[PDB]
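Let's start with one chain on its own, the form deposited without the partner chain, as structure tokens.
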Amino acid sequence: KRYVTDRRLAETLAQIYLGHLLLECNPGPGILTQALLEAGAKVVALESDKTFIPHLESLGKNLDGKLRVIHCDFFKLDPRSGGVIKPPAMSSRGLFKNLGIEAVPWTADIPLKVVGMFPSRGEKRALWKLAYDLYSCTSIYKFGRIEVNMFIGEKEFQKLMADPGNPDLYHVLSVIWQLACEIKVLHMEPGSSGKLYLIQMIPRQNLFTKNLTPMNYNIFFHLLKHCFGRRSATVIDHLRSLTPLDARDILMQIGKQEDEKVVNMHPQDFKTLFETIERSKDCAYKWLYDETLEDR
């Protein structure tokens, strides 16, 4: 996987993350773990690979920093469907209970911070998994607006931050994550394998509204996947397969013309579109949701 192995980078990250409890994912050799402890951090190591645990546990006995090491793969917590039957893969409810982490309301301040690096070849998969957890307020997000800082490769970073201003890279996860979080680059590291961006993902206090909730976000995801399935088409073309309501009237309410294209819609335009349909009255039904669309 990806590991912080450069001492100078580790010292830089420690100042970023300190300047509250820290969950470090896949510390590996523990160069960042040691830098965090030297800097005075309180760290819980979630290490997926057992072979690194002896040295990590050696670090906590001898350094002036309370360290707890758990054999836990953060990216396998609370499988979206499955039986929780894997030693390294666990439930966040059981982990957070053992760690004494208490849930707080969505509106409250950040209870906890998670830091690490996305897997080099599972970035989209991980972003989808976290997005489902976030919008549903399950897994770690059952406990509040968890701050997540993750290194990501440049290609997926540029796609995540794209919008109508850069249409060629604009896709479903761009909308999902820009609505969910204010995303900021905390560091950029040039590695032999390509540029890595450390992005800070703090869930927005105002993500959820009267009409976008943890109970109906899946309909919103369906709208987005449907639209970006034919990204060059008009929004009205897609709406005719999404809602029985008058698609032209809907678009007018959000200030868009009939010929508006999917790729010209900003993330907030999609949110207002979804809320506008949800708002409508005297309707036996607002959506034609009858199919499961793949995560792309």
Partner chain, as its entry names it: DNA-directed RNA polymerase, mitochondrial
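Positions refer to the first chain, counted from 1.
Another form exists, solved in complex with the partner chain; not displayed. Remarks below refer to it.
- Proximity to the partner chain in the bound PDB entry holds for all of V84, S241 and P244, with the criterion being a heavy atom within 4.5 Å.
- Contact annotation: the partner chain lies within 4.5 Å of heavy atoms from the stretch 282 to 290 in the bound PDB entry, the single such stretch among 269 to 277, 20 to 28, 282 to 290, 5 to 13.
- Checked against the partner chain in the bound PDB entry, the candidates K129, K113, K159, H222 yield a single residue with a heavy atom inside 4.5 Å, and that residue is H222.
- Among residues of the shown chain, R230 is one whose heavy atoms approach the partner chain to within 4.5 Å in the bound PDB entry.
- Shown without its partner, the chain has no residue in segment 149 to 185 with a non-hydrogen atom within 4.5 angstroms of the partner chain in the bound PDB entry.
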